[PDB]
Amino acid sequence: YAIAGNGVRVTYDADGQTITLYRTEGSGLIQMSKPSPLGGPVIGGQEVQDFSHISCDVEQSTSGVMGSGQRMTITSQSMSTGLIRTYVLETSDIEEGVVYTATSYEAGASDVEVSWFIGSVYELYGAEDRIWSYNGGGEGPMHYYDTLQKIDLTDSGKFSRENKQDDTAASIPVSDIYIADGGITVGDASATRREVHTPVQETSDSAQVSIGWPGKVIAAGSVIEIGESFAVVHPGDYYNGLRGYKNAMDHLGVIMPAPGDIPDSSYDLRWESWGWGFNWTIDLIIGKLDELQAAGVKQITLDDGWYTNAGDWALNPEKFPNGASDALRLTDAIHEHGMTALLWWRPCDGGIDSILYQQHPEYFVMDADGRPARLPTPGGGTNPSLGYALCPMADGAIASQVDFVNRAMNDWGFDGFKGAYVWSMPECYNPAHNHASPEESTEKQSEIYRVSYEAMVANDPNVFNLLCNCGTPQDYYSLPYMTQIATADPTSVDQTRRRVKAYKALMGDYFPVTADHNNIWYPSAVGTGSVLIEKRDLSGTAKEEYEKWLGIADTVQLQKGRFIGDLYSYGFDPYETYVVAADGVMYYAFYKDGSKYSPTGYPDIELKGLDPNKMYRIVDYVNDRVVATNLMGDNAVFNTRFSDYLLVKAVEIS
């Protein structure tokens, strides 16, 4: 039993009750998964594993979620439970590498209490010494746990991560595992946020990626759909898998902004007002504008510390002694220097000592004990800077967000927003909200982002909007409403660079991403095709260095170029490598300073994706030096010494 789509084959063995995935390669196939068992329900702590094969219907010519393609419907039965499983797989004639999966269960004479449903499980075929993994979970750890994780098959440990999305985790419902020959992405096939895990688990000689959802009681005689997923078989690294997921999710209406609709100002070099921490003043910021303008900065963020309280989002009298006229003198000064002005906020936070909470507690999430629920950190808990959660289904909560947007734009003259330091949304038990279930607040969190952004756009279609779920992958369902992504408080060059590639994969090759400013890593920012930002008040050689790198970024403008993620595979090509095409020229960035993947010795640099019949001069555009005088496009291999990074362009020779 088999179905085919563009670049993928799926086979089912009725005896073993296993699925095997293949991808196309040249005129053949590469096996991507081992024969993998179908996912089952978990009852009393145990996966049910007495399912037997009933039937497998292949339809070679049909139309599904992704349009025309093929379908395989597998029916199985469990004598012990009375459950009949229907497992549906769909392929697409057009969508490369993608398999859509949906499962339902029917109960027999007795109700069945399921604690969890394992949807699909794929163990990688052909792994050797390591597997690289993309982990979209929102459970933390915050900041210092890499989203990209190496699963070492030669060490003592066994990698295991759940990758959760729930009331304490709001990130990206996707995981990928890959090797030299490519990999397998699994992601939640839902147009809206729901509770899901995409676990990544090392096995005896490989690793497996899976997806699953919370259980429920299946009433006797009833049929229920328990969850739907996309799988992507792909060559190369996580970028190819994540791009497949992006393409798949278009069919569910989760559509990221098209290049033509992204505002110019979302590609601009930006400085953010942290030069004095919480001790910024309006005049300190204004005092920097002449030098920032001269050096090529076109955008300014008024960062944290400007407001009385979250929720209220009123001007702090200490920072704005003259009220709104002070906010205006700030944004006017910014505008007079040819720049746009952004304002920091924390969406979903209604404060604790806010007027908002005092006057309108009914707008807030209520916990199971009847108390106001705090906004959670990743994996649970809160922190002192996070207030009470606004319930996304309370009209007054949403209106308070819209009113802030309108005030900041129309009264204070701001041109956009930097949302930050918020993660998931607690479950709500307020009976006045008439929730379908308590998880409804969590599921609808993204409504706050959507409605806020729609209000922003009504004031100015070129408004900037960014949300940093700091130290975690961004809330996937916020992504449609953004004009720029930050890599989100990365704590290393490895984190910032590898995340640029992930977000490009999910958002589009022209979608603006910034490498952020947690540490000074100008070469990382430029070479990945990211927007270079900064927050420090610099002097001496550090100031010179910023000016230098602004100059470079403003010359090559790779932030506006077409990111190319499919030529090099992170962890398998000799260097951590990034590629951008800008104004018809190929730019390459090779790094060795990322301790998570850095070569022994001095491997040759290979430039991929050039015209095989053309000759190129390879120019280090940072130092303005030729590193290779003439390479043919079909053998663009050279060796040059560099300690940390090499940023080059391939200039065609005529």
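One-based numbering along the sequence shown.
The deposited model assigns a higher average Cα B-factor to 253-261 than to the other stretch when 253-261 and 508-516 are compared. Per-stretch averaging of Cα B factors for 471-479 and 439-447 places 439-447 on top.
Note on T340, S115, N465, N462: the highest value goes to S115, judged by CA B factor as recorded.
In this structure the maximum Cα B-factor among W549, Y122, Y429, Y453 is found at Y429. In the PDB entry, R497 places in the lowest third of its chain by CA B-factor. Annotation for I43: C-alpha temperature factor in the highest third relative to the rest of the modelled chain, per the entry.
Among the modelled residues of its chain, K596 has a C-alpha B-factor that falls in the lowest third according to the deposited record. Sorting the modelled residues of the chain by their CA temperature factor places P173 in the lowest third.
The PDB entry assigns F638 a C-alpha temperature factor belonging to the middle third of its chain's modelled residues.
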